[PDB]
Amino acid sequence: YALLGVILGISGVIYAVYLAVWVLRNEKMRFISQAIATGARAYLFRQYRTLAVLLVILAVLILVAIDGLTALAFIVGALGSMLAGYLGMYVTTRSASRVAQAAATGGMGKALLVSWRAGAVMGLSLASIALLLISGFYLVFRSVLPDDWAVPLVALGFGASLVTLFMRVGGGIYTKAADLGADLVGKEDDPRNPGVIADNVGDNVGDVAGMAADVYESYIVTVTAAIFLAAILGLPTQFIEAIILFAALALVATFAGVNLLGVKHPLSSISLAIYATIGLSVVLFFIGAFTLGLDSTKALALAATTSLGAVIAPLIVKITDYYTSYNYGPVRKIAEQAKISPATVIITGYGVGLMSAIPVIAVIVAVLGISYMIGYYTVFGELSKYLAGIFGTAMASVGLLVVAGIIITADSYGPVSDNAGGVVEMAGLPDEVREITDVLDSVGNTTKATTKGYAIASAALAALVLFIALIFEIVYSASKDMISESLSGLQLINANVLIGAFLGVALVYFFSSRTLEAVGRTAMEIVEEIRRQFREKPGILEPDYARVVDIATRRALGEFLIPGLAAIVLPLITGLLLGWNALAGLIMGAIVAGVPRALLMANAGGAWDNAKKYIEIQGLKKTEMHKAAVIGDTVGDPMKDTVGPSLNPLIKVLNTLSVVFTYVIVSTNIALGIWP
Amino acid sequence: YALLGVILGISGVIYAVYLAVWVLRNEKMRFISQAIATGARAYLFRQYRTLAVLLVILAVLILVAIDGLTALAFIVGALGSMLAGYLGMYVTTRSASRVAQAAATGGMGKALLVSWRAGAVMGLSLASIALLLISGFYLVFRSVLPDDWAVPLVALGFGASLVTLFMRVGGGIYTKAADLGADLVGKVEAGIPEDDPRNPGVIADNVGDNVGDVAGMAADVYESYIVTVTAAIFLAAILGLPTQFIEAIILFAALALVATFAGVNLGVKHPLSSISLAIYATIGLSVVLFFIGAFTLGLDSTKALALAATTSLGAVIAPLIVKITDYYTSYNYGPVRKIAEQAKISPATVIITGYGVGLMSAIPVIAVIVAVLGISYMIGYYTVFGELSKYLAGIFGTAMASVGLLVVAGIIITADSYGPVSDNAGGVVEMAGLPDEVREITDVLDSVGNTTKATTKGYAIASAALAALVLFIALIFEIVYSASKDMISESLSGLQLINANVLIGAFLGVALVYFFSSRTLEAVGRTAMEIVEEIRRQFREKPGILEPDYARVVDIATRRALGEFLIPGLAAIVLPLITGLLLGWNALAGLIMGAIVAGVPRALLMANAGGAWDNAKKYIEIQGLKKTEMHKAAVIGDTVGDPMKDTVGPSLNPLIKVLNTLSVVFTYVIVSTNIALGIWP
Ligand SMILES: [Mg+2]
Ligand SMILES: [Mg+2]
Ligand SMILES: [Mg+2]
Ligand SMILES: [Mg+2]
Ligand SMILES: [Mg+2]
Ligand SMILES: [Mg+2]
Ligand SMILES: [Mg+2]
Ligand SMILES: [Mg+2]
Ligand SMILES: [Mg+2]
Ligand SMILES: [Mg+2]
């Protein structure tokens, strides 16, 4: 069913129009909702503009680097994600006023389903775009250039990661640089300062756009890495045709996931995502045995491996939901610490962030470990079996992210409720209706953390699969064998490998701490900019929002190239100056440190944010107790949405440039495996 | 010259009495100095009491586990460090009042040398105790039981690490649980500056100061001096190199004791004198080591200089970390003012950016420890049975480097007692309302000490990073000995980084450290709350205006802190054991990998930021010197990085280091449970 990948995929626009026309179904509410669009307009118009500049130049560079041709698949790969991004962005800006007007007089359900449908637009679209764009080029290359046709479409992944890197560090900086600069100049969502629109425009850039594009990396890298695996091993094409079927059902499981046909409490979100998976699993178990014929133990192995990747997601949902929701303790543990002081709640609110990372880690290892076994016992040398093992882990990581559609649907429901939460406080809407937007926002805050777990954890499984894929790229370049030398050259105790593991964990500090000082300083350029305008005339009686948008992006994107390119070079220099061993260690320590830390922060930031919401509804005042809880908010605030989610686009892309330069780096090493 | 290692060592305690009697050379000033002693008394009396309980029980267990005998060296090994601790404890309690009275009327020099002399007591003694304690049992075991006599004396390291674990997690908790409980009750209920006499937390804090950096840190570094000499000597023995190397290293260490005996001698102006002496206390050691090294031992000119070059790389890195942390930690330098100025905005903004300058302060240390062992790896590889026989000459070149780095520990611990002793004086002056100017100079000695304690965390942790790979190779030969009753062919191809259990372990190793630190953070944060409540019950009874009570606050904090200690302490012992047996030795090899990969960068990330927030407070606390919205922000950052500075940062290092020390003890016990050479179940 290779051709079928396009059939159901193109229905994304078919179904995105349904939800788009669903959202398209006040004076002050319209201007602010329209302001989010104009702000997001100048953002994307300027973000895609410079984005295409570097894409075409590098697409021209990749065209000569491949010389068949691959820059063509390189280009559309990036265009696919951005297309689903522009589709979901125009929805979020309009939802801010839609869900606000719907919730106030309709009830809690009206808000939950409206803000949820606005998110189903992006989730189902992007997932649809990913499947059809690879299945389209997969079938084209399948018949076009035999003998490793899957590799050409794999460059579609690299070009698509370059753009997710763009908005994660760019949108991540902008999302928090505005949230930070707007919050403290007020000391929230007060109309006096223009930072309220720059923040909410950031909300759609941090979690709606920046995060949704990030997970696009998960859906594209594993399908290209998993297909690339089954090819390089020499296994039958039965494996490659089954994975495309599992993916299509995930689109079917996410097409059904978003129906949500009586809403009561915000638990409805977790239940649907929970059963949107089982509906996929058993439908996958059953459709898997239908299209392909394999020995019963081997065919279920595919259904069992992907079932392990799909199940882990609801588990991370229930975990982060526990450590993040104010309904549950670990949030009240720190919110109560507000009575003492901010420093004391900081350290202990930091603490419960650490212990919130180990449960996710405990699952991702046990989950891929079981998939490794089942895939190893079911499906030329001792490695040929071991490779069947790491492939069992590839199937797991693939199964995890193929259901990405349902999770991104939630990363747009959270911020859209954040937008609604802003619309009500600045427009001074009724107390009750402006409070429910906050709980929808606090539930959304539990969602963004859940997706960061879903995003980062899925990356951890791919790294070891990308490791093996990187090897076959250094084996191919070595011949122009290596298996006998690299195996005994990359044992963890080798000189380059251990140093790299320290430079990989040291590089991530230099990358994240460079981002933190940048976002913190560019925000100061927003804080300074506000004074420039507010000093001229009084903010009582009101371009101005477009100014804060354009100034913050070009200053944020300006810094982006510094760490973004610095994170590109330092691995390259170590990869060539020391060797591929050094980068293998650099990518090891990075994946080993990045996955736990980003969880430590992704969860803690959400906890401090939800901790404020819990006391901001009870306290709901400027009390020395609440003032302390706000300090914890803005600390974990940018570290939550800027550096936390950036380790994932670093780790995954960190193996994505090394594999493209294995031919370029191995020839520079002038040796098979070196420690000098 | 193996016997000489003991001769000069015992002269350290002989010489330590000179400075101890030198420091021993007012009414309100006398009671507080004696109160620190009674507090340190009830602390050590209760710490050594339970410390001997588990030591004897396990010493009896180790006696049957070895069945020659090795529990004897197990006992004295731990006793050596504690002896240098009790010598420095009685010194620090007396220095609080001594240095205060000396600085006020003599000048800045009088204070700088007195608080420094009080530290030379601990530094020179402990380093002396370490050298004589190993050369003593080394020479005894060299002639007692040939054929792997070095292994029995290696058990001296584990037993000594078990207790350094005691005070790092225990003293670390106590130091910040008291520092925390005393600080916040002054701002929330009392409304007074820290180190104020009204609340009993002022004595509990300063008593903690001597336990966090003076005792907890100095005892921790004893782990560095003991583990590498046993691991490096164990390497040269197991590697098959000539005994010429084993006799030379004992001389280099003695030279370091001579280079540190001269280091403490110390015209005075700015606290830069500390960095200059510690910088030149190394070169004086290096060239003196270069010179005495060629005299006693004969080796090929290129091969003999290799020893002087390898250890010279371990010795030079320390002053480099000193100048690095001194830059990121001292208010004299930028990165501190970067955040102190952010106090004008808000605490959250200075928190995030004060956190930032902590991260980039970790990459310079990492950049050096890798370059240093890499060059030693090369020089040791090209100078000194299979492809491994040459490669092992490399990691041993790294062992010599790690050995060379920590043999100069004496000069650094001398500084870990100068920092808090100035903190003690800093407290003595503000509560006794001593002259403004002289109580301000104690603060600069306190802020300079803050520049010292962070430097030692770098010095402590970095030396551990080089030893880890040495401990990896040493643990391998312990599983090779148990496997035969070959492994080279199986483990090499069984522990390549992509193995199933190894990668899982690397995630469980970095995950376990979170479970250990966040369990420690919640404990110290909650047990401190047991101190805050304790103050109220006593302060509620009678007014704190007009003053047993100090002995209670000491006794209550220890039994509650030590009570929690067993939870992470034993949990950190088990979880590696479970992974080592449930999954295999591959899993623990990965668990110890991810731990060293996260611990070395993490502990630096925190040790430096915590020190920066404290020094950031100091710069604005003298200019502002008031309760200003600007100063309040710098205090919030202080107490955040405050416990993360002295509890989690310095406890990760004794976790990783002890993790390779317990796993090597179970190589015989864990490999038989795995029921396979290398498996990924
Ligand atoms: Mg906010
Ligand atoms: Mg927001
Ligand atoms: Mg908001
Ligand atoms: Mg929020
Ligand atoms: Mg926020
Ligand atoms: Mg303090
Ligand atoms: Mg202190
Ligand atoms: Mg103090
Ligand atoms: Mg201090
Ligand atoms: Mg302190």
# chains A, B, ... in the order shown; residues from 1 in each chain; ligands from 1

$ select_by_dssp --residues "region 264-381 of chain B" --states "alpha helix (DSSP H)" --output "PyMOL selection string"
chain B and resi 272-296+301-329+334-341+347-359+362-381

$ interface_residues --of "chain A" --to "chain B" --cutoff "6 Å" --atoms "only C-alpha atoms" --output "ChimeraX atom specification"
/A:343,347,351,354-355,358,365,491-492,499,506,509-510,513,592,631,634-635

$ write_last_selection --atoms "N, CA and C atoms" --output "tab-separated table (two decimals), in the first residue's frame"
chain	number	residue	atom	x	y	z
A	343	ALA	N	12.99	32.08	46.98
A	343	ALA	CA	14.21	31.29	46.89
A	343	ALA	C	13.98	29.86	47.38
A	347	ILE	N	14.27	26.40	44.85
A	347	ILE	CA	15.12	25.23	45.00
A	347	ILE	C	14.28	23.96	45.04
A	351	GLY	N	13.63	21.02	42.57
A	351	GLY	CA	13.82	19.63	42.94
A	351	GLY	C	12.79	18.71	42.31
A	354	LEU	N	13.47	17.66	38.90
A	354	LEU	CA	14.45	16.60	38.68
A	354	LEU	C	13.80	15.23	38.77
A	355	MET	N	13.09	14.96	39.88
A	355	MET	CA	12.44	13.67	40.06
A	355	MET	C	11.31	13.45	39.06
A	358	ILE	N	12.96	11.32	35.82
A	358	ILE	CA	13.35	9.91	35.92
A	358	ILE	C	12.21	8.97	35.56
A	365	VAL	N	13.51	3.66	28.28
A	365	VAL	CA	14.52	2.60	28.21
A	365	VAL	C	13.86	1.23	28.30
A	491	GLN	N	34.37	1.59	21.07
A	491	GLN	CA	33.99	1.14	22.40
A	491	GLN	C	34.12	2.30	23.38
A	492	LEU	N	33.13	2.43	24.27
A	492	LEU	CA	32.90	3.68	24.99
A	492	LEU	C	34.15	4.25	25.65
A	499	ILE	N	36.02	11.90	25.60
A	499	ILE	CA	36.16	13.35	25.54
A	499	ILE	C	34.96	13.96	24.84
A	506	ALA	N	29.27	19.46	27.36
A	506	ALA	CA	29.75	20.83	27.51
A	506	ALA	C	29.21	21.72	26.40
A	509	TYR	N	25.68	22.94	27.15
A	509	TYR	CA	25.69	24.07	28.07
A	509	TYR	C	26.02	25.36	27.32
A	510	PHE	N	27.05	25.34	26.48
A	510	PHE	CA	27.41	26.53	25.72
A	510	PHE	C	26.30	26.94	24.75
A	513	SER	N	23.07	28.04	27.36
A	513	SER	CA	23.37	29.25	28.12
A	513	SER	C	23.62	30.44	27.21
A	592	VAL	N	22.56	11.76	26.19
A	592	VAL	CA	22.48	11.29	27.57
A	592	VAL	C	22.13	12.44	28.51
A	631	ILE	N	7.76	34.82	40.84
A	631	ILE	CA	9.19	34.72	40.58
A	631	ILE	C	9.54	33.35	40.02
A	634	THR	N	8.47	33.06	36.14
A	634	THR	CA	9.29	33.64	35.09
A	634	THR	C	10.71	33.08	35.04
A	635	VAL	N	11.12	32.31	36.05
A	635	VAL	CA	12.41	31.64	36.00
A	635	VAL	C	12.26	30.42	35.11

$ closest_residue --among "B:400, B:603, B:556, B:253" --to "residue 380 (chain B)" --atoms "only C-alpha atoms"
B:400

$ atom_distance --atom1 "CA of residue 269 (chain B)" --atom2 "CA of residue 448 (chain B)"
12.9 Å

$ closest_atom_pairs --of "chain B" --to "ligand 7" --cutoff "6 Å" --atoms "only C-alpha atoms and all ligand atoms" --output "JSON lines"
{"residue": "B:206", "atom": "CA", "partner": "ligand 7", "partner_atom_place_in_ligand_line": "1 (Mg)", "distance": 5.6}
{"residue": "B:209", "atom": "CA", "partner": "ligand 7", "partner_atom_place_in_ligand_line": "1 (Mg)", "distance": 4.6}
{"residue": "B:423", "atom": "CA", "partner": "ligand 7", "partner_atom_place_in_ligand_line": "1 (Mg)", "distance": 5.5}

$ residues_near_ligand --ligand "ligand 5" --cutoff "7 Å" --atoms "only C-alpha atoms and all ligand atoms" --output "list in words"
residues 179, 609, 633, 634 and 637 of chain A

$ write_last_selection --atoms "C-alpha atoms" --output "PDB file, in the first residue's frame"
ATOM      1  CA  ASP A 179       6.719  36.819  27.640  1.00  0.00           C
ATOM      2  CA  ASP A 609       3.534  27.987  35.867  1.00  0.00           C
ATOM      3  CA  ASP A 633       6.950  31.430  37.108  1.00  0.00           C
ATOM      4  CA  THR A 634       9.294  33.643  35.088  1.00  0.00           C
ATOM      5  CA  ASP A 637       9.158  30.337  32.179  1.00  0.00           C
TER       6      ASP A 637
END

$ residues_around --residues "residue 562 (chain A)" --least-positions-apart "5" --cutoff "10 Å" --atoms "only C-alpha atoms" --output "compact mmCIF listing (two decimals) with C-alpha atoms, in the first residue's frame"
# COMPACT_ATOMS: atom_id res chain seq x y z
CA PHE A 511 24.42 26.32 23.36
CA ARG A 514 24.11 31.27 24.99
CA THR A 515 20.39 31.11 24.22
CA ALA A 518 20.37 36.10 24.27
CA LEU A 557 16.68 35.78 14.69
CA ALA A 567 26.05 24.29 17.22
CA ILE A 568 26.60 23.32 13.57

$ residues_near_ligand --ligand "ligand 2" --cutoff "8 Å" --atoms "only C-alpha atoms and all ligand atoms" --output "count of residues only"
9

$ residues_around --residues "region 460-468 of chain A" --least-positions-apart "5" --cutoff "7 Å" --atoms "only C-alpha atoms" --output "NGL selection string"
(:A and (222 or 225 or 368 or 390 or 393-394 or 397 or 591 or 595 or 652 or 655)) or (:B and (498))

$ write_last_selection --atoms "N, CA, C and O atoms" --output "PDB file, in the first residue's frame"
ATOM      1  N   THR A 222      12.462   9.315  11.469  1.00  0.00           N
ATOM      2  CA  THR A 222      12.379   7.883  11.734  1.00  0.00           C
ATOM      3  C   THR A 222      11.854   7.112  10.528  1.00  0.00           C
ATOM      4  O   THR A 222      12.334   6.011  10.240  1.00  0.00           O
ATOM      5  N   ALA A 225      14.800   7.085   8.532  1.00  0.00           N
ATOM      6  CA  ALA A 225      15.826   6.280   9.183  1.00  0.00           C
ATOM      7  C   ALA A 225      15.406   4.819   9.285  1.00  0.00           C
ATOM      8  O   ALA A 225      16.245   3.920   9.162  1.00  0.00           O
ATOM      9  N   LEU A 368      11.868   0.664  24.845  1.00  0.00           N
ATOM     10  CA  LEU A 368      12.698   0.286  23.705  1.00  0.00           C
ATOM     11  C   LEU A 368      13.461  -1.004  23.977  1.00  0.00           C
ATOM     12  O   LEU A 368      13.775  -1.746  23.039  1.00  0.00           O
ATOM     13  N   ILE A 390      18.353  -3.497  17.083  1.00  0.00           N
ATOM     14  CA  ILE A 390      18.242  -2.044  17.027  1.00  0.00           C
ATOM     15  C   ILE A 390      17.135  -1.629  16.069  1.00  0.00           C
ATOM     16  O   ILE A 390      16.579  -0.532  16.200  1.00  0.00           O
ATOM     17  N   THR A 393      14.054  -1.468  17.956  1.00  0.00           N
ATOM     18  CA  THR A 393      13.955  -0.164  18.600  1.00  0.00           C
ATOM     19  C   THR A 393      13.533   0.917  17.613  1.00  0.00           C
ATOM     20  O   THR A 393      12.813   1.849  17.991  1.00  0.00           O
ATOM     21  N   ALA A 394      13.967   0.810  16.354  1.00  0.00           N
ATOM     22  CA  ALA A 394      13.523   1.751  15.331  1.00  0.00           C
ATOM     23  C   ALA A 394      12.014   1.670  15.145  1.00  0.00           C
ATOM     24  O   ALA A 394      11.324   2.695  15.094  1.00  0.00           O
ATOM     25  N   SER A 397      10.432   3.558  18.120  1.00  0.00           N
ATOM     26  CA  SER A 397      10.477   5.006  17.940  1.00  0.00           C
ATOM     27  C   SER A 397       9.542   5.449  16.821  1.00  0.00           C
ATOM     28  O   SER A 397       8.872   6.483  16.934  1.00  0.00           O
ATOM     29  N   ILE A 591      22.865  13.232  23.881  1.00  0.00           N
ATOM     30  CA  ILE A 591      21.611  12.507  24.059  1.00  0.00           C
ATOM     31  C   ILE A 591      21.450  12.058  25.506  1.00  0.00           C
ATOM     32  O   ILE A 591      20.326  11.970  26.016  1.00  0.00           O
ATOM     33  N   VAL A 595      18.287  14.576  26.989  1.00  0.00           N
ATOM     34  CA  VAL A 595      16.989  13.965  27.276  1.00  0.00           C
ATOM     35  C   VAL A 595      16.574  14.159  28.728  1.00  0.00           C
ATOM     36  O   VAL A 595      15.415  14.540  28.973  1.00  0.00           O
ATOM     37  N   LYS A 652      18.581  15.360  17.809  1.00  0.00           N
ATOM     38  CA  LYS A 652      18.172  14.666  16.590  1.00  0.00           C
ATOM     39  C   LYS A 652      18.910  15.209  15.371  1.00  0.00           C
ATOM     40  O   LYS A 652      19.406  14.439  14.541  1.00  0.00           O
ATOM     41  N   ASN A 655      22.845  14.224  14.971  1.00  0.00           N
ATOM     42  CA  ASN A 655      23.145  13.047  14.166  1.00  0.00           C
ATOM     43  C   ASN A 655      22.779  13.233  12.699  1.00  0.00           C
ATOM     44  O   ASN A 655      23.192  12.419  11.866  1.00  0.00           O
TER      45      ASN A 655
ATOM     46  N   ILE B 498      27.136   1.202  21.920  1.00  0.00           N
ATOM     47  CA  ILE B 498      25.794   0.993  21.390  1.00  0.00           C
ATOM     48  C   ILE B 498      25.106  -0.234  21.980  1.00  0.00           C
ATOM     49  O   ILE B 498      23.945  -0.499  21.641  1.00  0.00           O
TER      50      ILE B 498
END

$ closest_residue --among "A:610, A:11, A:447, A:34" --to "ligand 1" --atoms "only C-alpha atoms and all ligand atoms"
A:610

$ residues_near_ligand --ligand "ligand 4" --cutoff "10 Å" --atoms "only C-alpha atoms and all ligand atoms" --output "VMD selection string"
chain A and resid 203 414 to 415 417 to 418 421 438 to 446 448 605 to 613 633 637

$ write_last_selection --atoms "N, CA and C atoms" --output "mmCIF file, in the first residue's frame"
data_model
loop_
_atom_site.group_PDB
_atom_site.id
_atom_site.type_symbol
_atom_site.label_atom_id
_atom_site.label_comp_id
_atom_site.auth_asym_id
_atom_site.auth_seq_id
_atom_site.Cartn_x
_atom_site.Cartn_y
_atom_site.Cartn_z
ATOM 1 N N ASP A 203 3.077 32.841 21.977
ATOM 2 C CA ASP A 203 2.433 31.582 22.338
ATOM 3 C C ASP A 203 2.216 30.718 21.102
ATOM 4 N N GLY A 414 -3.625 24.209 23.910
ATOM 5 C CA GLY A 414 -3.129 24.845 25.104
ATOM 6 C C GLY A 414 -2.945 26.339 24.934
ATOM 7 N N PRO A 415 -2.171 26.740 23.920
ATOM 8 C CA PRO A 415 -1.950 28.180 23.707
ATOM 9 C C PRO A 415 -3.190 28.924 23.244
ATOM 10 N N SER A 417 -6.115 28.440 24.305
ATOM 11 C CA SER A 417 -6.730 28.791 25.580
ATOM 12 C C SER A 417 -5.927 29.868 26.299
ATOM 13 N N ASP A 418 -4.609 29.898 26.087
ATOM 14 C CA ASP A 418 -3.798 30.998 26.598
ATOM 15 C C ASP A 418 -4.198 32.312 25.940
ATOM 16 N N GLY A 421 -7.375 33.272 27.394
ATOM 17 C CA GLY A 421 -7.101 33.806 28.715
ATOM 18 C C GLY A 421 -6.648 35.251 28.681
ATOM 19 N N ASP A 438 -8.423 30.503 32.159
ATOM 20 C CA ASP A 438 -7.185 30.252 32.888
ATOM 21 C C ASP A 438 -6.987 28.764 33.149
ATOM 22 N N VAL A 439 -8.055 28.055 33.525
ATOM 23 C CA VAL A 439 -7.938 26.617 33.751
ATOM 24 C C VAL A 439 -7.687 25.891 32.435
ATOM 25 N N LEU A 440 -8.351 26.319 31.358
ATOM 26 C CA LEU A 440 -8.003 25.803 30.038
ATOM 27 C C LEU A 440 -6.557 26.130 29.694
ATOM 28 N N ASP A 441 -6.062 27.277 30.168
ATOM 29 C CA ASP A 441 -4.652 27.609 29.996
ATOM 30 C C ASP A 441 -3.780 26.742 30.895
ATOM 31 N N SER A 442 -4.204 26.536 32.144
ATOM 32 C CA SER A 442 -3.437 25.689 33.051
ATOM 33 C C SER A 442 -3.449 24.238 32.584
ATOM 34 N N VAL A 443 -4.562 23.785 32.003
ATOM 35 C CA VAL A 443 -4.579 22.457 31.402
ATOM 36 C C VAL A 443 -3.674 22.429 30.178
ATOM 37 N N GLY A 444 -3.718 23.488 29.367
ATOM 38 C CA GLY A 444 -2.787 23.595 28.257
ATOM 39 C C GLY A 444 -1.338 23.586 28.707
ATOM 40 N N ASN A 445 -1.046 24.242 29.833
ATOM 41 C CA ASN A 445 0.311 24.205 30.370
ATOM 42 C C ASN A 445 0.722 22.779 30.713
ATOM 43 N N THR A 446 -0.222 21.974 31.199
ATOM 44 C CA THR A 446 0.039 20.554 31.385
ATOM 45 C C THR A 446 0.220 19.835 30.056
ATOM 46 N N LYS A 448 1.660 21.308 27.074
ATOM 47 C CA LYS A 448 2.948 21.632 26.468
ATOM 48 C C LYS A 448 4.069 20.815 27.100
ATOM 49 N N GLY A 605 9.348 23.989 34.613
ATOM 50 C CA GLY A 605 8.722 25.211 34.138
ATOM 51 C C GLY A 605 7.211 25.118 34.134
ATOM 52 N N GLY A 606 6.680 23.998 33.637
ATOM 53 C CA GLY A 606 5.246 23.784 33.690
ATOM 54 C C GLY A 606 4.703 23.741 35.105
ATOM 55 N N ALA A 607 5.491 23.220 36.050
ATOM 56 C CA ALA A 607 5.032 23.132 37.433
ATOM 57 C C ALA A 607 4.964 24.512 38.076
ATOM 58 N N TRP A 608 6.025 25.309 37.928
ATOM 59 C CA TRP A 608 6.007 26.674 38.448
ATOM 60 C C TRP A 608 4.879 27.486 37.825
ATOM 61 N N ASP A 609 4.630 27.290 36.530
ATOM 62 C CA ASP A 609 3.534 27.987 35.867
ATOM 63 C C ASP A 609 2.190 27.552 36.438
ATOM 64 N N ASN A 610 1.967 26.240 36.534
ATOM 65 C CA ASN A 610 0.721 25.742 37.106
ATOM 66 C C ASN A 610 0.652 25.992 38.607
ATOM 67 N N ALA A 611 1.799 26.011 39.290
ATOM 68 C CA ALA A 611 1.807 26.386 40.700
ATOM 69 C C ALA A 611 1.269 27.799 40.895
ATOM 70 N N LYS A 612 1.663 28.733 40.023
ATOM 71 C CA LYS A 612 1.099 30.077 40.088
ATOM 72 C C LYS A 612 -0.402 30.051 39.835
ATOM 73 N N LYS A 613 -0.839 29.297 38.823
ATOM 74 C CA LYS A 613 -2.259 29.262 38.489
ATOM 75 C C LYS A 613 -3.080 28.784 39.677
ATOM 76 N N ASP A 633 7.551 31.503 38.435
ATOM 77 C CA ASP A 633 6.950 31.430 37.108
ATOM 78 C C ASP A 633 7.946 31.845 36.033
ATOM 79 N N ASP A 637 9.936 29.940 33.358
ATOM 80 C CA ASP A 637 9.158 30.337 32.179
ATOM 81 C C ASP A 637 9.988 30.254 30.908
#

$ residues_near_ligand --ligand "ligand 9" --cutoff "9 Å" --atoms "only C-alpha atoms and all ligand atoms" --output "ChimeraX atom specification"
/B:209,419-420,423,446-451,453,611,614-615,618,638,642

$ residues_around --residues "residue 148 (chain A)" --least-positions-apart "6" --cutoff "10 Å" --atoms "only C-alpha atoms" --output "list in words"
residues 141, 142, 228, 231 and 232 of chain A

$ write_last_selection --atoms "C-alpha atoms" --output "CSV table (one decimal), in the first residue's frame"
chain,number,residue,atom,x,y,z
A,141,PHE,CA,12.1,7.2,-6.1
A,142,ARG,CA,11.1,3.6,-5.7
A,228,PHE,CA,16.9,3.3,5.4
A,231,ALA,CA,17.2,-1.3,3.2
A,232,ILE,CA,20.8,-1.4,4.4

$ residues_near_ligand --ligand "ligand 6" --cutoff "7 Å" --atoms "only C-alpha atoms and all ligand atoms" --output "list in words"
residues 179, 183, 194 and 639 of chain B

$ closest_residue --among "A:284, A:426, A:51, A:364" --to "ligand 3" --atoms "only C-alpha atoms and all ligand atoms"
A:426
